[PDB]
>>> print(open('final.txt').read())   # compact mmCIF, C-alpha atoms
# COMPACT_ATOMS: atom_id res chain seq x y z
CA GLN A 1 0.00 0.00 0.00
CA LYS A 2 -0.50 1.95 -1.93
CA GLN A 3 1.16 -0.35 -4.45
CA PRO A 4 -0.05 -0.60 -8.09
CA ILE A 5 -0.67 -3.90 -9.85
CA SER A 6 2.68 -3.58 -11.74
CA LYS A 7 4.31 -4.59 -8.42
CA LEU A 8 2.59 -7.98 -8.31
CA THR A 9 4.49 -11.02 -9.47
CA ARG A 10 3.69 -14.26 -11.33
CA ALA A 11 4.65 -17.67 -9.95
CA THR A 12 6.02 -18.74 -13.34
CA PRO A 13 6.05 -17.27 -16.87
CA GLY A 14 3.08 -19.50 -17.86
CA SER A 15 0.97 -18.43 -14.84
CA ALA A 16 -2.34 -16.94 -15.76
CA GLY A 17 -2.67 -14.94 -12.57
CA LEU A 18 -0.75 -12.43 -10.54
CA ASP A 19 -0.43 -13.47 -6.92
CA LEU A 20 -2.36 -11.70 -4.13
CA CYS A 21 -1.69 -12.01 -0.33
CA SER A 22 -3.55 -10.52 2.69
CA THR A 23 -1.72 -7.84 4.56
CA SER A 24 -3.01 -9.12 7.93
CA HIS A 25 -3.14 -12.30 9.83
CA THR A 26 -6.77 -13.24 10.04
CA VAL A 27 -8.84 -16.15 11.35
CA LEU A 28 -12.05 -17.10 9.50
CA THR A 29 -14.86 -19.36 10.70
CA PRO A 30 -17.86 -20.79 8.79
CA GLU A 31 -20.38 -18.77 10.84
CA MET A 32 -18.66 -15.54 9.88
CA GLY A 33 -19.66 -15.44 6.26
CA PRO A 34 -17.98 -13.36 3.57
CA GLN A 35 -14.97 -11.31 4.70
CA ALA A 36 -13.04 -8.78 2.64
CA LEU A 37 -9.33 -9.32 3.01
CA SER A 38 -7.04 -6.30 2.41
CA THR A 39 -4.15 -6.65 -0.03
CA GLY A 40 -2.65 -3.20 -0.10
CA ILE A 41 -2.72 -3.33 -3.93
CA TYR A 42 -4.71 -0.78 -5.89
CA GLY A 43 -6.13 -0.40 -9.37
CA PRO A 44 -6.31 0.89 -12.04
CA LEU A 45 -5.73 -1.75 -14.67
CA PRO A 46 -3.95 -1.56 -18.05
CA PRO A 47 -5.99 0.00 -20.89
CA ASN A 48 -8.79 -2.16 -22.43
CA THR A 49 -8.69 -4.80 -19.66
CA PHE A 50 -10.62 -5.74 -16.56
CA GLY A 51 -9.57 -7.98 -13.64
CA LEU A 52 -10.97 -11.20 -12.27
CA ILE A 53 -10.04 -12.19 -8.70
CA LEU A 54 -10.11 -15.97 -8.10
CA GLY A 55 -8.88 -18.44 -5.47
CA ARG A 56 -5.77 -20.57 -5.77
CA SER A 57 -6.37 -24.34 -6.03
CA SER A 58 -4.29 -25.26 -3.05
CA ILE A 59 -6.03 -22.75 -0.81
CA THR A 60 -9.49 -23.69 -2.10
CA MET A 61 -8.70 -27.29 -1.20
CA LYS A 62 -7.71 -26.26 2.39
CA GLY A 63 -11.27 -24.94 2.78
CA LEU A 64 -10.88 -21.23 2.06
CA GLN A 65 -13.34 -20.17 -0.62
CA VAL A 66 -12.60 -17.03 -2.67
CA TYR A 67 -15.70 -15.54 -4.26
CA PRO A 68 -15.08 -14.31 -7.81
CA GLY A 69 -14.30 -10.57 -7.75
CA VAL A 70 -14.56 -8.28 -10.82
CA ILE A 71 -12.22 -5.28 -10.94
CA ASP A 72 -13.23 -2.52 -13.33
CA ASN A 73 -10.63 -0.95 -15.63
CA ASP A 74 -10.69 2.39 -14.02
CA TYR A 75 -11.13 1.31 -10.36
CA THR A 76 -8.46 3.16 -8.28
CA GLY A 77 -9.36 1.73 -4.86
CA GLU A 78 -7.89 -1.22 -3.07
CA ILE A 79 -8.18 -4.69 -4.41
CA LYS A 80 -9.74 -6.92 -1.73
CA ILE A 81 -10.28 -10.69 -1.64
CA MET A 82 -13.79 -11.79 -0.70
CA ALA A 83 -13.30 -14.96 1.27
CA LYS A 84 -15.12 -17.51 3.40
CA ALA A 85 -14.14 -20.47 5.52
CA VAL A 86 -16.17 -23.38 4.11
CA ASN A 87 -16.28 -26.07 6.76
CA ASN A 88 -13.64 -25.46 9.30
CA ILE A 89 -11.67 -22.71 10.92
CA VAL A 90 -9.16 -21.18 8.54
CA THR A 91 -6.07 -19.23 9.50
CA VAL A 92 -4.56 -16.74 7.01
CA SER A 93 -0.99 -15.66 7.75
CA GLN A 94 0.37 -12.33 6.52
CA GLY A 95 2.11 -13.00 3.26
CA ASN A 96 0.50 -16.31 2.25
CA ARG A 97 -0.76 -16.23 -1.32
CA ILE A 98 -4.54 -16.54 -1.11
CA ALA A 99 -5.90 -15.38 -4.50
CA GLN A 100 -4.88 -14.39 -7.98
CA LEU A 101 -5.62 -11.47 -10.29
CA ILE A 102 -6.32 -12.50 -13.87
CA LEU A 103 -6.40 -9.75 -16.59
CA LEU A 104 -8.94 -10.15 -19.43
CA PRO A 105 -9.91 -8.07 -22.46
CA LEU A 106 -12.62 -5.55 -22.03
CA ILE A 107 -14.96 -5.96 -24.95
CA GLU A 108 -16.61 -2.80 -26.25
CA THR A 109 -20.38 -2.73 -26.78
CA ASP A 110 -22.98 -0.10 -27.53
CA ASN A 111 -24.78 -0.67 -24.18
CA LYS A 112 -25.84 2.63 -22.54
CA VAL A 113 -24.40 3.84 -19.21
CA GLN A 114 -27.12 4.40 -16.50
CA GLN B 1 -38.93 -9.83 -21.04
CA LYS B 2 -38.33 -10.66 -23.63
CA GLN B 3 -35.57 -8.06 -23.66
CA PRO B 4 -32.23 -8.66 -25.46
CA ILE B 5 -28.86 -7.98 -23.85
CA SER B 6 -28.52 -4.69 -25.83
CA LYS B 7 -31.05 -3.26 -23.33
CA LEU B 8 -28.80 -3.82 -20.32
CA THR B 9 -26.77 -0.94 -19.00
CA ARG B 10 -23.31 -0.43 -17.47
CA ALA B 11 -22.81 1.37 -14.16
CA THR B 12 -19.96 3.43 -15.62
CA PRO B 13 -17.99 3.45 -18.90
CA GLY B 14 -15.14 1.48 -17.23
CA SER B 15 -17.49 -1.22 -15.86
CA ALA B 16 -16.62 -4.69 -16.98
CA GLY B 17 -20.12 -6.04 -16.55
CA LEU B 18 -23.65 -5.28 -17.62
CA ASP B 19 -26.02 -5.11 -14.68
CA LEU B 20 -28.62 -7.85 -14.03
CA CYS B 21 -31.64 -7.60 -11.61
CA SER B 22 -34.29 -10.20 -10.61
CA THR B 23 -37.75 -9.56 -11.89
CA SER B 24 -39.33 -10.80 -8.63
CA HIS B 25 -39.05 -10.16 -4.98
CA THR B 26 -37.65 -13.31 -3.49
CA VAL B 27 -36.50 -14.50 -0.07
CA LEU B 28 -33.59 -16.99 0.13
CA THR B 29 -32.49 -19.08 3.11
CA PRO B 30 -29.35 -21.20 3.60
CA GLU B 31 -31.33 -24.47 3.72
CA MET B 32 -32.84 -23.75 0.32
CA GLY B 33 -29.75 -24.26 -1.76
CA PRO B 34 -29.26 -22.99 -5.31
CA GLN B 35 -32.14 -20.95 -6.75
CA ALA B 36 -32.45 -19.66 -10.30
CA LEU B 37 -33.52 -16.06 -10.33
CA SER B 38 -35.36 -14.78 -13.43
CA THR B 39 -34.09 -11.63 -15.15
CA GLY B 40 -36.35 -11.31 -18.14
CA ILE B 41 -33.24 -10.84 -20.34
CA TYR B 42 -32.52 -13.26 -23.15
CA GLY B 43 -29.57 -14.28 -25.30
CA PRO B 44 -28.12 -14.51 -27.88
CA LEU B 45 -24.78 -12.80 -27.52
CA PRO B 46 -22.74 -10.76 -30.03
CA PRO B 47 -20.77 -12.80 -32.59
CA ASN B 48 -17.57 -14.56 -31.34
CA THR B 49 -18.34 -13.98 -27.64
CA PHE B 50 -19.70 -15.91 -24.69
CA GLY B 51 -21.09 -14.58 -21.37
CA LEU B 52 -20.00 -15.06 -17.80
CA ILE B 53 -22.54 -14.33 -15.04
CA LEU B 54 -20.93 -13.29 -11.73
CA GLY B 55 -22.01 -11.68 -8.44
CA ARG B 56 -21.51 -8.04 -7.52
CA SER B 57 -19.07 -7.39 -4.64
CA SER B 58 -21.51 -5.53 -2.49
CA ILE B 59 -24.15 -8.24 -2.78
CA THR B 60 -21.62 -11.03 -2.21
CA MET B 61 -20.59 -9.26 0.99
CA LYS B 62 -24.26 -9.12 2.17
CA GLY B 63 -24.26 -12.93 2.02
CA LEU B 64 -25.83 -13.65 -1.37
CA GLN B 65 -23.59 -15.95 -3.37
CA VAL B 66 -23.91 -15.98 -7.18
CA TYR B 67 -22.57 -19.17 -8.75
CA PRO B 68 -20.62 -18.52 -11.95
CA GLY B 69 -22.93 -18.97 -14.97
CA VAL B 70 -21.70 -19.55 -18.55
CA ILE B 71 -23.92 -18.27 -21.37
CA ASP B 72 -23.25 -19.79 -24.78
CA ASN B 73 -23.05 -17.54 -27.85
CA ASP B 74 -26.12 -18.86 -29.46
CA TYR B 75 -28.28 -19.39 -26.33
CA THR B 76 -31.70 -17.73 -26.98
CA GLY B 77 -33.35 -18.56 -23.66
CA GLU B 78 -33.57 -16.47 -20.54
CA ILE B 79 -30.54 -15.48 -18.60
CA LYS B 80 -30.98 -16.60 -14.97
CA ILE B 81 -28.85 -15.93 -11.89
CA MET B 82 -27.96 -19.00 -9.85
CA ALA B 83 -27.92 -17.79 -6.28
CA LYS B 84 -27.68 -18.97 -2.70
CA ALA B 85 -28.03 -17.39 0.72
CA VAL B 86 -24.74 -18.20 2.49
CA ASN B 87 -25.32 -17.79 6.20
CA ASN B 88 -28.42 -15.82 6.79
CA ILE B 89 -31.77 -15.05 5.28
CA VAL B 90 -31.45 -12.87 2.20
CA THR B 91 -34.16 -10.70 0.72
CA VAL B 92 -34.00 -9.74 -2.99
CA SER B 93 -36.20 -6.82 -4.02
CA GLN B 94 -37.44 -6.43 -7.59
CA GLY B 95 -35.02 -4.17 -9.35
CA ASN B 96 -31.96 -4.51 -7.10
CA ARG B 97 -28.82 -5.26 -9.10
CA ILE B 98 -27.73 -8.75 -8.05
CA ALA B 99 -25.30 -9.97 -10.76
CA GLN B 100 -23.40 -8.87 -13.81
CA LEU B 101 -22.95 -10.20 -17.34
CA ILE B 102 -19.37 -10.08 -18.58
CA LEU B 103 -18.71 -10.67 -22.34
CA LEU B 104 -15.53 -12.57 -23.30
CA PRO B 105 -14.00 -13.75 -26.58
CA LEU B 106 -14.92 -17.15 -27.79
CA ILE B 107 -11.73 -18.84 -28.82
CA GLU B 108 -11.95 -21.23 -31.76
CA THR B 109 -10.48 -24.72 -31.46
CA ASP B 110 -10.58 -27.90 -33.50
CA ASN B 111 -12.38 -29.85 -30.71
CA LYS B 112 -15.17 -32.10 -32.09
CA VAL B 113 -18.86 -31.55 -31.27
CA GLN B 114 -20.51 -34.62 -29.59
CA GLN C 1 -5.76 -40.67 -19.17
CA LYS C 2 -3.44 -39.51 -20.20
CA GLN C 3 -5.64 -37.74 -22.73
CA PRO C 4 -4.87 -34.17 -23.95
CA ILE C 5 -7.48 -31.43 -24.10
CA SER C 6 -7.81 -31.89 -27.91
CA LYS C 7 -9.82 -35.04 -27.06
CA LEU C 8 -12.53 -33.12 -25.21
CA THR C 9 -15.73 -32.29 -27.02
CA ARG C 10 -18.22 -29.39 -27.11
CA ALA C 11 -21.95 -29.91 -26.59
CA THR C 12 -22.75 -27.69 -29.58
CA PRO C 13 -20.75 -25.43 -31.93
CA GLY C 14 -21.81 -22.34 -29.90
CA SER C 15 -20.74 -23.88 -26.55
CA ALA C 16 -18.21 -21.82 -24.69
CA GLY C 17 -16.80 -24.74 -22.76
CA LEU C 18 -15.36 -28.17 -23.37
CA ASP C 19 -17.07 -30.83 -21.30
CA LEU C 20 -15.34 -32.49 -18.32
CA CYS C 21 -16.51 -35.71 -16.51
CA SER C 22 -15.11 -37.51 -13.42
CA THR C 23 -13.45 -40.81 -14.06
CA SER C 24 -14.88 -42.32 -10.86
CA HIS C 25 -18.18 -42.73 -9.20
CA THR C 26 -18.04 -40.61 -6.10
CA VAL C 27 -20.42 -39.58 -3.31
CA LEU C 28 -20.06 -36.09 -1.77
CA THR C 29 -21.58 -34.78 1.45
CA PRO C 30 -21.72 -31.21 2.83
CA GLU C 31 -19.46 -32.06 5.80
CA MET C 32 -16.74 -33.28 3.45
CA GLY C 33 -15.72 -29.95 2.04
CA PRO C 34 -13.76 -29.43 -1.17
CA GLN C 35 -12.91 -32.60 -3.11
CA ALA C 36 -10.72 -32.85 -6.20
CA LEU C 37 -12.36 -34.99 -8.83
CA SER C 38 -10.08 -36.72 -11.37
CA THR C 39 -10.81 -36.30 -15.08
CA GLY C 40 -7.98 -38.14 -16.74
CA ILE C 41 -7.41 -35.09 -18.99
CA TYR C 42 -4.08 -33.29 -18.93
CA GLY C 43 -2.69 -29.92 -19.96
CA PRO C 44 -0.95 -28.16 -21.60
CA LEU C 45 -3.14 -25.60 -23.30
CA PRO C 46 -2.87 -24.01 -26.77
CA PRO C 47 -0.31 -21.18 -27.08
CA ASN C 48 -1.26 -17.77 -25.53
CA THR C 49 -4.26 -19.15 -23.60
CA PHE C 50 -5.13 -20.21 -20.09
CA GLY C 51 -8.07 -22.35 -18.86
CA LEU C 52 -10.94 -21.63 -16.53
CA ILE C 53 -12.77 -24.60 -14.98
CA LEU C 54 -16.41 -23.84 -14.07
CA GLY C 55 -19.56 -25.77 -13.14
CA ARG C 56 -22.41 -26.57 -15.50
CA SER C 57 -25.74 -24.85 -14.70
CA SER C 58 -27.74 -28.01 -14.42
CA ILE C 59 -25.27 -29.59 -12.02
CA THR C 60 -24.93 -26.41 -9.95
CA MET C 61 -28.71 -26.40 -9.58
CA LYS C 62 -28.66 -30.06 -8.32
CA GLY C 63 -26.45 -28.83 -5.45
CA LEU C 64 -22.95 -29.65 -6.66
CA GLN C 65 -20.77 -26.56 -6.48
CA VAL C 66 -17.66 -26.37 -8.70
CA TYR C 67 -15.07 -23.91 -7.41
CA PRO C 68 -13.47 -21.87 -10.20
CA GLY C 69 -10.18 -23.52 -11.26
CA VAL C 70 -7.41 -21.72 -13.20
CA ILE C 71 -5.24 -23.85 -15.49
CA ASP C 72 -1.93 -22.31 -16.49
CA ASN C 73 -0.80 -22.44 -20.13
CA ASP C 74 2.08 -24.70 -19.53
CA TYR C 75 0.53 -26.97 -16.84
CA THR C 76 1.13 -30.62 -17.92
CA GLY C 77 -0.56 -32.34 -14.97
CA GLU C 78 -4.09 -33.60 -14.66
CA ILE C 79 -7.02 -31.31 -14.81
CA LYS C 80 -9.15 -31.83 -11.67
CA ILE C 81 -12.55 -30.43 -10.71
CA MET C 82 -12.73 -28.89 -7.24
CA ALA C 83 -16.21 -29.69 -6.04
CA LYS C 84 -18.46 -29.55 -3.00
CA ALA C 85 -21.91 -30.81 -2.11
CA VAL C 86 -23.81 -27.68 -0.99
CA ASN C 87 -26.78 -28.83 1.04
CA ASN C 88 -27.43 -32.44 0.42
CA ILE C 89 -25.69 -35.64 -0.50
CA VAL C 90 -24.55 -35.64 -4.11
CA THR C 91 -23.79 -38.69 -6.21
CA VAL C 92 -21.44 -38.36 -9.22
CA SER C 93 -21.59 -41.22 -11.72
CA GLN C 94 -18.63 -42.06 -13.96
CA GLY C 95 -19.18 -40.26 -17.21
CA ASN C 96 -21.65 -37.56 -16.13
CA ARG C 97 -20.57 -34.12 -17.31
CA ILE C 98 -19.81 -32.13 -14.16
CA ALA C 99 -17.72 -29.12 -15.29
CA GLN C 100 -16.46 -27.28 -18.32
CA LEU C 101 -13.09 -26.00 -19.50
CA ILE C 102 -13.22 -22.51 -20.98
CA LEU C 103 -10.13 -21.22 -22.91
CA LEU C 104 -9.26 -17.51 -22.58
CA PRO C 105 -6.48 -15.28 -23.92
CA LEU C 106 -3.40 -14.92 -21.84
CA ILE C 107 -2.60 -11.25 -21.72
CA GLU C 108 1.09 -10.34 -21.60
CA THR C 109 2.33 -7.89 -18.97
CA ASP C 110 5.70 -6.72 -17.71
CA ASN C 111 5.09 -8.16 -14.20
CA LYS C 112 8.20 -9.90 -12.79
CA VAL C 113 8.33 -13.65 -12.06
CA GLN C 114 9.16 -14.45 -8.36
>>> encode(input="final.txt", output="structure tokens")
Amino acid sequence: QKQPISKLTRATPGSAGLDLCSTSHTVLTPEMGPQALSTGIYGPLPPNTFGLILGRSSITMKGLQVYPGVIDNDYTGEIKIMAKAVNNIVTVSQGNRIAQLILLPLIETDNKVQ
Amino acid sequence: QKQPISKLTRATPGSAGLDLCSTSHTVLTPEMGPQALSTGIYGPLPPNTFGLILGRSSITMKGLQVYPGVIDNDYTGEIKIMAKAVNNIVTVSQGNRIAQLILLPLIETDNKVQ
Amino acid sequence: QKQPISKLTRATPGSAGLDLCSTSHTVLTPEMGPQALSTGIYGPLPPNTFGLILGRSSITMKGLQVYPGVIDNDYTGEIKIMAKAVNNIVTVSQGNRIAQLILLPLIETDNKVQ
């Protein structure tokens, strides 16, 4: 914070996503329902793209669900991870990769703004 | 209904998604499991694209989960939102934006139809 | 197994996704939490693309949730479906289409690997 998305890194050159970590240690329980985890990373995104925030497989399998997040091209706020403990108590340590940011083309349409 | 996707609007010019609302007031509880909410909006989609239906962040955080929906290019039926109340009772009012339609390129492959 | 993604088929020419089935009969219950279902299909993906694994609508509505899976371009391991029974006991029969693989462009950025 405030760090732009150009600071994020990829696990490998073939990686679809840029890695995202929480900036805090947090405990999640099933009865808590959706929590927004802070990353300290901020939009905006490169021209003509939007972002999709998704979980990592290994973290999903440990029972932390990441709800899909959509980041608009011109969003300048903080990117947060919407997360929920599925079945059991989950502990998120500062610095553990929890989610990934995937960049996709923004297709132009004639739909009206309103 | 029957309204085509060209009638949908974007929240802002930088918005990735086109907004979707339910046409009914509905109450959802956790024990109900997935429900298909009617939008009154119908495919098909623009040439060489498919649709992805996702939740909005603010609605996700109020404990209404939208399951990712895939809309094929040539689907002409009604777009519905697959939704579930996570932890608590959720009330959906007619007209409240619940989900978004994101348009993505349809990549061509040589995979067989069958 | 080991079958490449070129062996998968589409339901119809307009289908966004390539169909994925589990190679085993498996029962899932809500208390089990995320399970990785084997498909016997392996990466890698076509050049300049990544994969997104998502649920099918009809299966989502029968109470089997597929968590979004991201397949990197150069992944050569087995594609697995991360799945959970939502509310009730779900039975997956060998050969029933449970998920779909969607191919998307891999956008190039200057982000560092690390």
>>> residues_near_point(input="final.txt", point="(-28.7, -26.5, -4.3)", cutoff="8 Å", atoms="only C-alpha atoms", output="list in words")
residues 32, 33, 34, 35 and 84 of chain B; 60, 61, 62, 63, 64, 86, 87 and 88 of chain C
>>> atom_distance(input="final.txt", atom1="CA of residue 112 (chain A)", atom2="CA of residue 7 (chain B)")
7.9 Å
>>> atom_distance(input="final.txt", atom1="CA of residue 75 (chain C)", atom2="CA of residue 82 (chain A)")
26.4 Å
>>> closest_residue(input="final.txt", among="B:29, B:114, B:3, B:38", to="chain C", atoms="only C-alpha atoms")
B:114
>>> closest_residue(input="final.txt", among="C:27, C:106, C:8, C:90", to="residue 41 (chain C)", atoms="all atoms listed in the file")
C:8
>>> closest_residue(input="final.txt", among="C:71, C:53, C:85, C:5", to="chain A", atoms="all atoms listed in the file")
C:71
>>> interface_residues(input="final.txt", of="chain A", to="chain B", cutoff="12 Å", atoms="all atoms listed in the file", output="PyMOL selection string")
chain A and resi 29-37+44-54+65-76+79-86+103-114
>>> atom_distance(input="final.txt", atom1="CA of residue 42 (chain C)", atom2="CA of residue 99 (chain C)")
14.7 Å
>>> residues_around(input="final.txt", residues="residue 21 (chain C)", least_positions_apart="6", cutoff="8 Å", atoms="all atoms listed in the file", output="PyMOL selection string")
chain C and resi 39+94-99
>>> decode(input="final.txt", residues="region 85-110 of chain B", atoms="N, CA and C atoms", output="short mmCIF file (atom, residue, chain, number, x, y, z; two decimals), in the first residue's frame")
data_model
loop_
_atom_site.label_atom_id
_atom_site.label_comp_id
_atom_site.auth_asym_id
_atom_site.auth_seq_id
_atom_site.Cartn_x
_atom_site.Cartn_y
_atom_site.Cartn_z
N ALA B 85 -28.29 -18.10 -0.54
CA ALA B 85 -28.03 -17.39 0.72
C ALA B 85 -26.98 -18.18 1.49
N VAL B 86 -25.88 -17.51 1.90
CA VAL B 86 -24.74 -18.20 2.49
C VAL B 86 -25.01 -18.62 3.95
N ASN B 87 -25.25 -17.59 4.75
CA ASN B 87 -25.32 -17.79 6.20
C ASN B 87 -26.61 -17.39 6.79
N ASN B 88 -27.21 -16.38 6.21
CA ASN B 88 -28.42 -15.82 6.79
C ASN B 88 -29.47 -15.71 5.73
N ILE B 89 -30.64 -15.24 6.16
CA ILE B 89 -31.77 -15.05 5.28
C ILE B 89 -31.50 -13.84 4.41
N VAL B 90 -31.63 -14.01 3.10
CA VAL B 90 -31.45 -12.87 2.20
C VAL B 90 -32.71 -12.49 1.48
N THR B 91 -33.00 -11.18 1.41
CA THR B 91 -34.16 -10.70 0.72
C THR B 91 -33.78 -9.89 -0.54
N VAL B 92 -34.25 -10.35 -1.68
CA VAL B 92 -34.00 -9.74 -2.99
C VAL B 92 -35.23 -8.98 -3.41
N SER B 93 -35.09 -7.67 -3.53
CA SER B 93 -36.20 -6.82 -4.02
C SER B 93 -36.15 -6.66 -5.51
N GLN B 94 -37.33 -6.65 -6.15
CA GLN B 94 -37.44 -6.43 -7.59
C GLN B 94 -36.60 -5.21 -7.90
N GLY B 95 -35.75 -5.30 -8.91
CA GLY B 95 -35.02 -4.17 -9.35
C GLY B 95 -33.65 -3.95 -8.75
N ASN B 96 -33.27 -4.70 -7.72
CA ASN B 96 -31.96 -4.51 -7.10
C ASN B 96 -30.98 -5.26 -7.95
N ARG B 97 -29.84 -4.64 -8.26
CA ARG B 97 -28.82 -5.26 -9.10
C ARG B 97 -28.17 -6.37 -8.27
N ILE B 98 -28.20 -7.59 -8.79
CA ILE B 98 -27.73 -8.75 -8.05
C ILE B 98 -26.49 -9.38 -8.72
N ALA B 99 -26.36 -9.23 -10.03
CA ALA B 99 -25.30 -9.97 -10.76
C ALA B 99 -24.85 -9.10 -11.91
N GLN B 100 -23.83 -9.58 -12.63
CA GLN B 100 -23.40 -8.87 -13.81
C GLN B 100 -23.05 -9.87 -14.93
N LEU B 101 -23.32 -9.48 -16.17
CA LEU B 101 -22.95 -10.20 -17.34
C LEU B 101 -21.68 -9.59 -17.94
N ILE B 102 -20.68 -10.44 -18.01
CA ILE B 102 -19.37 -10.08 -18.58
C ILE B 102 -19.22 -10.81 -19.94
N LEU B 103 -18.88 -10.07 -20.99
CA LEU B 103 -18.71 -10.67 -22.34
C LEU B 103 -17.23 -10.94 -22.56
N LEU B 104 -16.92 -12.15 -23.07
CA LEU B 104 -15.53 -12.57 -23.30
C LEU B 104 -15.42 -13.18 -24.70
N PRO B 105 -14.22 -13.13 -25.29
CA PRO B 105 -14.00 -13.75 -26.58
C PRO B 105 -14.20 -15.26 -26.55
N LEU B 106 -14.80 -15.73 -27.61
CA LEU B 106 -14.92 -17.15 -27.79
C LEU B 106 -13.78 -17.64 -28.68
N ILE B 107 -12.86 -18.39 -28.09
CA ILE B 107 -11.73 -18.84 -28.82
C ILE B 107 -12.11 -20.07 -29.61
N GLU B 108 -11.70 -20.09 -30.89
CA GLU B 108 -11.95 -21.23 -31.76
C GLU B 108 -10.89 -22.33 -31.59
N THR B 109 -11.37 -23.57 -31.53
CA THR B 109 -10.48 -24.72 -31.46
C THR B 109 -10.99 -25.80 -32.44
N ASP B 110 -10.17 -26.79 -32.66
CA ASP B 110 -10.58 -27.90 -33.50
C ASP B 110 -11.32 -29.02 -32.72
#
